Amino acid sequence: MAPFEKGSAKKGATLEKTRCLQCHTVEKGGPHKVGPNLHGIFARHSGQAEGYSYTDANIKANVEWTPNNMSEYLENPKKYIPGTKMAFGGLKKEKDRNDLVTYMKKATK
Ligand code: HEC
């Protein structure tokens, strides 16, 4: 894991498009896909998107989404919420996670 620090929103956007856009939307009103829509993610806890069928794992994990919570989850999702159906290896590079989270914090308003 690793302490969140501000990154490049611009590079965070490129990291979303190529690594997240396939399974998630982020724009308000965006449709769910394989993954929930992520708008307001930092306004709520895990498994709270109305309209999406979550695993018991994600729902009951009760995570309070925040920048360092997002960073540690994205390093290894399946280690953070065991049982999650999110097929994502993870992002090893602190810098890539700080770039992505910094973009998410702006686009999920
Ligand atoms: C499929 C190919 C996915 C990719 C690529 C990414 N995500 Fe995902 N994510 C996916 C699923 C199916 C789920 C639901 C998990 C479950 O166990 O039911 C998720 C969930 C998340 C969450 C939590 C959502 C919430 O609790 O409201 C987050 C924050 C999330 N995903 C973020 C995320 C990011 C940042 C990704 C790429 C950079 C990413 N996901 C890729 C499926 C898939």
# chains A, B, ... in the order shown; residues from 1 in each chain; ligands from 1
call {"tool": "residues_near_ligand", "arguments": {"ligand": "ligand 1", "cutoff": "7 Å", "atoms": "only C-alpha atoms and all ligand atoms", "output": "VMD selection string"}}
result
chain A and resid 15 to 16 19 to 20 22 to 24 34 to 36 38 41 45 to 49 53 to 55 57 to 58 70 74 83 to 88
call {"tool": "write_last_selection", "arguments": {"atoms": "N, CA and C atoms", "output": "PDB file, in the first residue's frame"}}
result
ATOM      1  N   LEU A  15      -5.719   6.896 -17.618  1.00  0.00           N
ATOM      2  CA  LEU A  15      -5.694   5.619 -16.915  1.00  0.00           C
ATOM      3  C   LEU A  15      -7.087   5.007 -16.749  1.00  0.00           C
ATOM      4  N   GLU A  16      -8.104   5.861 -16.606  1.00  0.00           N
ATOM      5  CA  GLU A  16      -9.508   5.427 -16.537  1.00  0.00           C
ATOM      6  C   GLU A  16      -9.968   4.885 -17.885  1.00  0.00           C
ATOM      7  N   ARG A  19      -8.242   1.563 -18.628  1.00  0.00           N
ATOM      8  CA  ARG A  19      -8.285   0.501 -17.617  1.00  0.00           C
ATOM      9  C   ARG A  19      -9.641   0.333 -16.923  1.00  0.00           C
ATOM     10  N   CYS A  20     -10.502   1.351 -16.976  1.00  0.00           N
ATOM     11  CA  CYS A  20     -11.773   1.339 -16.214  1.00  0.00           C
ATOM     12  C   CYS A  20     -13.030   1.555 -17.059  1.00  0.00           C
ATOM     13  N   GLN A  22     -14.214   0.362 -19.602  1.00  0.00           N
ATOM     14  CA  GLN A  22     -14.839  -0.847 -20.177  1.00  0.00           C
ATOM     15  C   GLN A  22     -15.898  -1.464 -19.266  1.00  0.00           C
ATOM     16  N   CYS A  23     -15.742  -1.261 -17.962  1.00  0.00           N
ATOM     17  CA  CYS A  23     -16.609  -1.860 -16.956  1.00  0.00           C
ATOM     18  C   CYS A  23     -17.344  -0.811 -16.115  1.00  0.00           C
ATOM     19  N   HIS A  24     -16.887   0.442 -16.160  1.00  0.00           N
ATOM     20  CA  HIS A  24     -17.546   1.515 -15.414  1.00  0.00           C
ATOM     21  C   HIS A  24     -17.810   2.770 -16.231  1.00  0.00           C
ATOM     22  N   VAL A  34     -20.790  -3.892 -16.549  1.00  0.00           N
ATOM     23  CA  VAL A  34     -20.362  -5.027 -15.729  1.00  0.00           C
ATOM     24  C   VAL A  34     -20.122  -4.481 -14.321  1.00  0.00           C
ATOM     25  N   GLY A  35     -19.715  -3.216 -14.258  1.00  0.00           N
ATOM     26  CA  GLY A  35     -19.492  -2.564 -12.998  1.00  0.00           C
ATOM     27  C   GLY A  35     -20.503  -1.459 -12.794  1.00  0.00           C
ATOM     28  N   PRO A  36     -20.692  -1.047 -11.532  1.00  0.00           N
ATOM     29  CA  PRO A  36     -21.569   0.070 -11.292  1.00  0.00           C
ATOM     30  C   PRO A  36     -21.034   1.364 -11.883  1.00  0.00           C
ATOM     31  N   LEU A  38     -19.912   5.097 -11.199  1.00  0.00           N
ATOM     32  CA  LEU A  38     -19.009   5.507 -10.109  1.00  0.00           C
ATOM     33  C   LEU A  38     -19.229   6.944  -9.643  1.00  0.00           C
ATOM     34  N   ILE A  41     -19.055   8.283  -5.889  1.00  0.00           N
ATOM     35  CA  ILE A  41     -18.487   7.141  -5.150  1.00  0.00           C
ATOM     36  C   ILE A  41     -17.941   7.546  -3.769  1.00  0.00           C
ATOM     37  N   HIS A  45     -20.626   4.580   0.831  1.00  0.00           N
ATOM     38  CA  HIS A  45     -19.881   3.384   1.206  1.00  0.00           C
ATOM     39  C   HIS A  45     -20.074   2.314   0.156  1.00  0.00           C
ATOM     40  N   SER A  46     -19.267   1.268   0.240  1.00  0.00           N
ATOM     41  CA  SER A  46     -19.296   0.191  -0.739  1.00  0.00           C
ATOM     42  C   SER A  46     -20.694  -0.425  -0.885  1.00  0.00           C
ATOM     43  N   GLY A  47     -21.024  -0.834  -2.110  1.00  0.00           N
ATOM     44  CA  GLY A  47     -22.284  -1.527  -2.428  1.00  0.00           C
ATOM     45  C   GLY A  47     -23.542  -0.699  -2.273  1.00  0.00           C
ATOM     46  N   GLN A  48     -23.498   0.576  -2.639  1.00  0.00           N
ATOM     47  CA  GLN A  48     -24.639   1.458  -2.386  1.00  0.00           C
ATOM     48  C   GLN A  48     -25.262   2.086  -3.623  1.00  0.00           C
ATOM     49  N   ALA A  49     -24.688   1.827  -4.791  1.00  0.00           N
ATOM     50  CA  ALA A  49     -25.287   2.276  -6.038  1.00  0.00           C
ATOM     51  C   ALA A  49     -26.644   1.611  -6.176  1.00  0.00           C
ATOM     52  N   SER A  53     -26.590  -4.961  -8.969  1.00  0.00           N
ATOM     53  CA  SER A  53     -26.546  -6.178  -8.169  1.00  0.00           C
ATOM     54  C   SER A  53     -25.110  -6.491  -7.754  1.00  0.00           C
ATOM     55  N   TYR A  54     -24.819  -6.229  -6.481  1.00  0.00           N
ATOM     56  CA  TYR A  54     -23.488  -6.421  -5.919  1.00  0.00           C
ATOM     57  C   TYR A  54     -23.333  -7.827  -5.340  1.00  0.00           C
ATOM     58  N   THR A  55     -22.081  -8.262  -5.188  1.00  0.00           N
ATOM     59  CA  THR A  55     -21.795  -9.437  -4.374  1.00  0.00           C
ATOM     60  C   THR A  55     -22.079  -9.132  -2.899  1.00  0.00           C
ATOM     61  N   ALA A  57     -20.024  -9.778  -0.781  1.00  0.00           N
ATOM     62  CA  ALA A  57     -18.698  -9.305  -0.392  1.00  0.00           C
ATOM     63  C   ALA A  57     -18.612  -7.784  -0.429  1.00  0.00           C
ATOM     64  N   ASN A  58     -18.831  -7.185  -1.599  1.00  0.00           N
ATOM     65  CA  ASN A  58     -18.787  -5.715  -1.764  1.00  0.00           C
ATOM     66  C   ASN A  58     -19.829  -4.974  -0.886  1.00  0.00           C
ATOM     67  N   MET A  70      -9.485   4.290  -1.756  1.00  0.00           N
ATOM     68  CA  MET A  70      -9.547   3.962  -3.168  1.00  0.00           C
ATOM     69  C   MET A  70      -8.167   3.452  -3.614  1.00  0.00           C
ATOM     70  N   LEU A  74      -7.528  -0.262  -5.118  1.00  0.00           N
ATOM     71  CA  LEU A  74      -7.040  -0.371  -6.493  1.00  0.00           C
ATOM     72  C   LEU A  74      -5.666  -1.062  -6.615  1.00  0.00           C
ATOM     73  N   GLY A  83     -13.795 -11.818  -2.262  1.00  0.00           N
ATOM     74  CA  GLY A  83     -15.072 -12.241  -2.820  1.00  0.00           C
ATOM     75  C   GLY A  83     -15.607 -11.324  -3.912  1.00  0.00           C
ATOM     76  N   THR A  84     -15.057 -10.118  -4.028  1.00  0.00           N
ATOM     77  CA  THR A  84     -15.519  -9.185  -5.052  1.00  0.00           C
ATOM     78  C   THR A  84     -15.437  -9.826  -6.436  1.00  0.00           C
ATOM     79  N   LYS A  85     -16.416  -9.520  -7.286  1.00  0.00           N
ATOM     80  CA  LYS A  85     -16.465 -10.091  -8.641  1.00  0.00           C
ATOM     81  C   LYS A  85     -15.775  -9.178  -9.662  1.00  0.00           C
ATOM     82  N   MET A  86     -15.101  -8.148  -9.162  1.00  0.00           N
ATOM     83  CA  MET A  86     -14.314  -7.259 -10.011  1.00  0.00           C
ATOM     84  C   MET A  86     -13.001  -7.900 -10.476  1.00  0.00           C
ATOM     85  N   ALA A  87     -12.933  -8.192 -11.764  1.00  0.00           N
ATOM     86  CA  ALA A  87     -11.750  -8.789 -12.349  1.00  0.00           C
ATOM     87  C   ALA A  87     -10.761  -7.690 -12.679  1.00  0.00           C
ATOM     88  N   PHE A  88      -9.936  -7.342 -11.697  1.00  0.00           N
ATOM     89  CA  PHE A  88      -8.874  -6.373 -11.908  1.00  0.00           C
ATOM     90  C   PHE A  88      -7.633  -6.803 -11.135  1.00  0.00           C
TER      91      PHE A  88
END
call {"tool": "residues_around", "arguments": {"residues": "residue A:104", "least_positions_apart": "6", "cutoff": "12 Å", "atoms": "only C-alpha atoms", "output": "PDB file with C-alpha atoms, in the first residue's frame"}}
result
ATOM      1  CA  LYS A   6      -2.178  14.609  -5.431  1.00  0.00           C
ATOM      2  CA  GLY A   7      -1.381  13.445  -8.964  1.00  0.00           C
ATOM      3  CA  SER A   8      -2.112  14.346 -12.577  1.00  0.00           C
ATOM      4  CA  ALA A   9      -5.864  14.543 -13.213  1.00  0.00           C
ATOM      5  CA  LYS A  10      -4.895  14.434 -16.914  1.00  0.00           C
ATOM      6  CA  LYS A  11      -2.984  11.177 -16.540  1.00  0.00           C
ATOM      7  CA  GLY A  12      -5.753   9.918 -14.250  1.00  0.00           C
ATOM      8  CA  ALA A  13      -8.185  10.358 -17.145  1.00  0.00           C
ATOM      9  CA  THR A  14      -5.993   8.366 -19.529  1.00  0.00           C
ATOM     10  CA  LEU A  15      -5.694   5.619 -16.915  1.00  0.00           C
ATOM     11  CA  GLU A  16      -9.508   5.427 -16.537  1.00  0.00           C
ATOM     12  CA  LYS A  17     -10.251   5.307 -20.274  1.00  0.00           C
ATOM     13  CA  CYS A  20     -11.773   1.339 -16.214  1.00  0.00           C
ATOM     14  CA  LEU A  21     -14.092   2.719 -18.919  1.00  0.00           C
ATOM     15  CA  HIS A  24     -17.546   1.515 -15.414  1.00  0.00           C
ATOM     16  CA  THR A  25     -19.073   4.843 -16.228  1.00  0.00           C
ATOM     17  CA  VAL A  26     -18.394   7.924 -14.064  1.00  0.00           C
ATOM     18  CA  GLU A  27     -20.610  10.683 -15.525  1.00  0.00           C
ATOM     19  CA  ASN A  37     -21.554   3.679 -12.314  1.00  0.00           C
ATOM     20  CA  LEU A  38     -19.009   5.507 -10.109  1.00  0.00           C
ATOM     21  CA  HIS A  39     -20.475   8.995  -9.818  1.00  0.00           C
ATOM     22  CA  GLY A  40     -20.515  10.219  -6.199  1.00  0.00           C
ATOM     23  CA  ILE A  41     -18.487   7.141  -5.150  1.00  0.00           C
ATOM     24  CA  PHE A  42     -16.769   9.236  -2.472  1.00  0.00           C
ATOM     25  CA  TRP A  65     -14.683   5.536   0.166  1.00  0.00           C
ATOM     26  CA  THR A  66     -11.909   8.149   0.325  1.00  0.00           C
ATOM     27  CA  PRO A  67      -8.684   8.792  -1.582  1.00  0.00           C
ATOM     28  CA  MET A  70      -9.547   3.962  -3.168  1.00  0.00           C
ATOM     29  CA  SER A  71      -5.727   3.743  -3.553  1.00  0.00           C
ATOM     30  CA  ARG A  97      -3.022   5.133  -8.335  1.00  0.00           C
ATOM     31  CA  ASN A  98      -2.528   8.719  -7.186  1.00  0.00           C
TER      32      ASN A  98
END
call {"tool": "closest_residue", "arguments": {"among": "A:107, A:43, A:1, A:100", "to": "residue A:73", "atoms": "only C-alpha atoms"}}
result
A:1
call {"tool": "atom_distance", "arguments": {"atom1": "atom CA of residue A:79", "atom2": "atom CA of residue A:106"}}
result
26.2 Å
call {"tool": "select_by_dssp", "arguments": {"residues": "chain A", "states": "helix (DSSP H, G or I)", "output": "JSON, numbers by chain"}}
result
{"A": [9, 10, 11, 12, 13, 14, 15, 16, 17, 18, 19, 41, 42, 43, 56, 57, 58, 59, 60, 61, 67, 68, 69, 70, 71, 72, 73, 74, 75, 77, 78, 79, 80, 94, 95, 96, 97, 98, 99, 100, 101, 102, 103, 104, 105, 106, 107]}
